[PDB]
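Following: one structure in structure tokens, then a few remarks.
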Amino acid sequence: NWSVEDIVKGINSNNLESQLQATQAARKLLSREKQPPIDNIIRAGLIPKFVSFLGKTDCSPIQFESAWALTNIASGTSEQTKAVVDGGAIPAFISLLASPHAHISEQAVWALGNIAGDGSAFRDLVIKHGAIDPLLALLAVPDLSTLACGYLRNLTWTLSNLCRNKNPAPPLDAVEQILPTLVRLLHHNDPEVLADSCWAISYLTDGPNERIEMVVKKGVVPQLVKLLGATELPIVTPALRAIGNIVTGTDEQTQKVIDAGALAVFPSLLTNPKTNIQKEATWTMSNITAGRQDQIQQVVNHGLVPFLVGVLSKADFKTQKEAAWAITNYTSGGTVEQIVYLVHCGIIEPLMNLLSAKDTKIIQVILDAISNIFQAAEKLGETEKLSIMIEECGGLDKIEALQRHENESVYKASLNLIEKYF
Amino acid sequence: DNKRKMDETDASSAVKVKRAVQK
């Protein structure tokens with residue numbers, strides 16, 4: 001437990017062993033859980049010294065201790081990561097990826113993951129310095145099972161950080177170069193590797209449908225569905241996020257998700273005790289019911305309409321908002337028979353109950369769904385039965401009250417409903 | 001187009017932004 005002044009004195013001697021002992025003391029200081037003095041180390045001007053120690057190939061202990069200290073600094077705030085980058089760390093760490101000592105190259109992998117995970121500019125700067133080739137060369141083995149578990153986990157985490165941010169998305173060539181290794185990791189039997197691979201895939205599918213397509217042409221959708229059915233929440237959460245992202249794309253990409261059997265997992269996801277799982281599953285469902293009529297029919301055939309009724313009836317309010325979206329998308333794109341089936345499953349009462357929520361968008365969504373169901377009833381000539389059913393559930397007075405809402409869209413929708421069917 | 005991508009619901013999100021060693 002040295003002081004920062006003693007560390008500085010040790011570093012500023014011209015003595016390689018004294019420097020090594022000071023750097024180790026700095027590593028131990030920066031490794032404590034109780035408020036490590038990162039800012040004091042930075043203000044003392046130590047980062048350039050650590051970076052120059054990264055290149056002392058004759059003294060691998062000081063390479064290791066410097067890499068560890070710098071990794072700890074790069075794990076802090078954006079200002080601290082920037083101080084590491086501004087000391088010249090990025091190319092020095094990329095050079096260290098070639099070290100024959102696994103603990104040293106692992107430390108460089110970790111450091112580059114922290115720098116890249118700071119944000120899209122540093123991720124792109126790490127890519128521009130050429131990290132991807134040596135990172136992938138570390139995984140160029142026929143069977144991933146021959147690598148050390150912790151080493152493989154660190155590489156997967158760092159690779160997922162190179163995929164992470166969105167404004168801008170990572171360069172296409174970088175994604176293309178990383179994707180085969182990412183798919184390998186997505187098939188590797190280690191829960192942490194699986195979780196981090198899934199997160200990477202979820203990042204790469206969040207965006208325009210072209211990015212989704214380049215993910216789905218690798219054939220990962222069946223493995224995502226398999227992981228969707230896992231028992232570990234850290235795996236299910238990113239797998240579900242990735243599936244949800246894919247079903248925001250074209251109808252063919254959504255169909256790839258359906259053909260893999262995703263819908264059979266959804267009864268448990270839509271009843272999962274973890275509210276975030278229920279919310280994301282309902283969001284995914286809402287994007288599937290925004291699809292073609294045969295895809296709505298697949299939702300119906302899997303028995304999922306009663307689960308949508310249930311989550312609309314009782315759930316966290318955000319999950320209920322997602323369920324309202326699912327119902328409006330269903331009623332907008334569904335056949336008359338599908339809409340009749342939805343009403344037969346009991347959607348009217350939970351819709352009316354939610355009409356009392358304070359959120360303006362959910363009210364607009366519910367009114368749009370009611371209008372769509374009324375249009376289906378018109379096509380069937382049963383508008384009066386629908387009006388009676390809505391009144392019996394206490395929705396008539398709610399719409400009557402809403403026709404004097406502060407919002408113009410609510411105004412017009414409720415007024416049109418009252419004037420046309422009531 | 002009734003499909004809603006991410007950032008149309010909630011926020012960007014994610015996990016494991018940075019990791020310290022602490023070994």
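Just remember, in the structure tokens the first chain shown is A, the second B, etc., residues are 1-based per chain, and ligands are 1-based in the order shown.
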Mind checking which residues fall within 9 Å of residue 341 in chain A, counting only C-alpha atoms, ignoring those fewer than 5 positions away in the same chain, and posting them as an NGL selection string? :A and (300 or 305 or 336 or 346)
Would you save the residues of that selection, restricted to N, CA and C atoms, as an mmCIF file, in the first residue's frame?
```
data_model
loop_
_atom_site.group_PDB
_atom_site.id
_atom_site.type_symbol
_atom_site.label_atom_id
_atom_site.label_comp_id
_atom_site.auth_asym_id
_atom_site.auth_seq_id
_atom_site.Cartn_x
_atom_site.Cartn_y
_atom_site.Cartn_z
ATOM 1 N N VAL A 300 -51.683 -17.329 -33.729
ATOM 2 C CA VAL A 300 -52.941 -17.904 -33.252
ATOM 3 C C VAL A 300 -52.779 -19.402 -33.004
ATOM 4 N N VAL A 305 -52.607 -16.010 -28.408
ATOM 5 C CA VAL A 305 -53.577 -14.939 -28.163
ATOM 6 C C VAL A 305 -54.020 -14.913 -26.704
ATOM 7 N N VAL A 336 -60.657 -10.684 -40.818
ATOM 8 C CA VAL A 336 -61.876 -10.546 -40.023
ATOM 9 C C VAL A 336 -62.027 -11.734 -39.070
ATOM 10 N N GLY A 346 -61.402 -12.711 -25.325
ATOM 11 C CA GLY A 346 -61.640 -11.803 -24.221
ATOM 12 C C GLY A 346 -60.836 -10.516 -24.176
#
```
Give me, as JSON lines, the closest atom pair and its distance (Å, one decimal) for every residue of chain B within a cut-off of 7 Å of chain A, counting only C-alpha atoms, rows sorted by chain and rising number.
```
{"residue": "B:2", "atom": "CA", "partner": "A:290", "partner_atom": "CA", "distance": 5.4}
{"residue": "B:3", "atom": "CA", "partner": "A:287", "partner_atom": "CA", "distance": 5.3}
{"residue": "B:4", "atom": "CA", "partner": "A:248", "partner_atom": "CA", "distance": 6.3}
{"residue": "B:5", "atom": "CA", "partner": "A:248", "partner_atom": "CA", "distance": 5.6}
{"residue": "B:6", "atom": "CA", "partner": "A:206", "partner_atom": "CA", "distance": 6.8}
{"residue": "B:17", "atom": "CA", "partner": "A:117", "partner_atom": "CA", "distance": 5.7}
{"residue": "B:18", "atom": "CA", "partner": "A:114", "partner_atom": "CA", "distance": 5.1}
{"residue": "B:19", "atom": "CA", "partner": "A:75", "partner_atom": "CA", "distance": 5.6}
{"residue": "B:20", "atom": "CA", "partner": "A:72", "partner_atom": "CA", "distance": 5.2}
{"residue": "B:21", "atom": "CA", "partner": "A:72", "partner_atom": "CA", "distance": 6.4}
{"residue": "B:22", "atom": "CA", "partner": "A:31", "partner_atom": "CA", "distance": 4.6}
```
Write out as a list in words which residues come within 10 Å of residue 216 in chain A when counting only C-alpha atoms, dropping same-chain ones fewer than 5 positions away.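 Result of the neighbour search: residues 201, 205, 210, 211, 221, 222, 246, 253, 256 and 257 of chain A.
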Restrict the selected residues to N, CA, C and O atoms and save them as a PDB file, in the first residue's frame.
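Final file, part04.pdb:
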```
ATOM      1  N   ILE A 201     -24.495 -10.322 -31.021  1.00  0.00           N
ATOM      2  CA  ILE A 201     -25.493 -10.524 -32.073  1.00  0.00           C
ATOM      3  C   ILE A 201     -26.663  -9.560 -31.892  1.00  0.00           C
ATOM      4  O   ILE A 201     -27.209  -9.038 -32.868  1.00  0.00           O
ATOM      5  N   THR A 205     -27.868  -6.765 -34.737  1.00  0.00           N
ATOM      6  CA  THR A 205     -29.203  -6.780 -35.317  1.00  0.00           C
ATOM      7  C   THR A 205     -30.026  -5.547 -34.950  1.00  0.00           C
ATOM      8  O   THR A 205     -31.179  -5.446 -35.375  1.00  0.00           O
ATOM      9  N   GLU A 210     -30.688  -4.165 -43.523  1.00  0.00           N
ATOM     10  CA  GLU A 210     -29.477  -4.693 -44.156  1.00  0.00           C
ATOM     11  C   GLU A 210     -28.545  -5.351 -43.133  1.00  0.00           C
ATOM     12  O   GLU A 210     -27.956  -6.413 -43.401  1.00  0.00           O
ATOM     13  N   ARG A 211     -28.374  -4.717 -41.966  1.00  0.00           N
ATOM     14  CA  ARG A 211     -27.550  -5.300 -40.902  1.00  0.00           C
ATOM     15  C   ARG A 211     -28.148  -6.600 -40.391  1.00  0.00           C
ATOM     16  O   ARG A 211     -27.434  -7.601 -40.191  1.00  0.00           O
ATOM     17  N   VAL A 221     -30.116 -17.949 -36.575  1.00  0.00           N
ATOM     18  CA  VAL A 221     -31.459 -17.888 -35.975  1.00  0.00           C
ATOM     19  C   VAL A 221     -31.831 -19.156 -35.214  1.00  0.00           C
ATOM     20  O   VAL A 221     -32.363 -19.044 -34.094  1.00  0.00           O
ATOM     21  N   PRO A 222     -31.629 -20.373 -35.743  1.00  0.00           N
ATOM     22  CA  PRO A 222     -31.884 -21.572 -34.921  1.00  0.00           C
ATOM     23  C   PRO A 222     -31.087 -21.628 -33.624  1.00  0.00           C
ATOM     24  O   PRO A 222     -31.630 -22.035 -32.586  1.00  0.00           O
ATOM     25  N   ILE A 246     -34.472  -8.994 -34.740  1.00  0.00           N
ATOM     26  CA  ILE A 246     -34.637  -9.601 -36.061  1.00  0.00           C
ATOM     27  C   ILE A 246     -36.087  -9.466 -36.539  1.00  0.00           C
ATOM     28  O   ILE A 246     -36.340  -9.151 -37.709  1.00  0.00           O
ATOM     29  N   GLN A 253     -37.323 -12.084 -42.841  1.00  0.00           N
ATOM     30  CA  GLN A 253     -36.492 -12.274 -41.649  1.00  0.00           C
ATOM     31  C   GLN A 253     -37.341 -12.712 -40.454  1.00  0.00           C
ATOM     32  O   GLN A 253     -36.958 -13.630 -39.699  1.00  0.00           O
ATOM     33  N   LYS A 256     -38.032 -16.277 -40.845  1.00  0.00           N
ATOM     34  CA  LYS A 256     -36.919 -17.113 -40.414  1.00  0.00           C
ATOM     35  C   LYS A 256     -37.007 -17.370 -38.920  1.00  0.00           C
ATOM     36  O   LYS A 256     -36.718 -18.476 -38.445  1.00  0.00           O
ATOM     37  N   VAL A 257     -37.393 -16.356 -38.155  1.00  0.00           N
ATOM     38  CA  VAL A 257     -37.540 -16.578 -36.716  1.00  0.00           C
ATOM     39  C   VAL A 257     -38.665 -17.581 -36.432  1.00  0.00           C
ATOM     40  O   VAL A 257     -38.514 -18.495 -35.612  1.00  0.00           O
TER      41      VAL A 257
END
```
Per DSSP on the backbone, what are the helix (DSSP H, G or I) residues of range 318-347 of chain A, as number ranges by chain? A: 318-333, 336-344
Near residue 379 in chain A, counting only C-alpha atoms, which residues have an atom at most 12 Å away, once you skip same-chain residues fewer than 4 positions from it, shown as a PyMOL selection string? chain A and resi 335-337+339-340+372-375+383
Go ahead and compute the interatomic distance for CA of residue 276 in chain A and CA of residue 198 in chain A, in Å to one decimal.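 We find that CA of residue 276 in chain A and CA of residue 198 in chain A lie 16.5 Å from each other.
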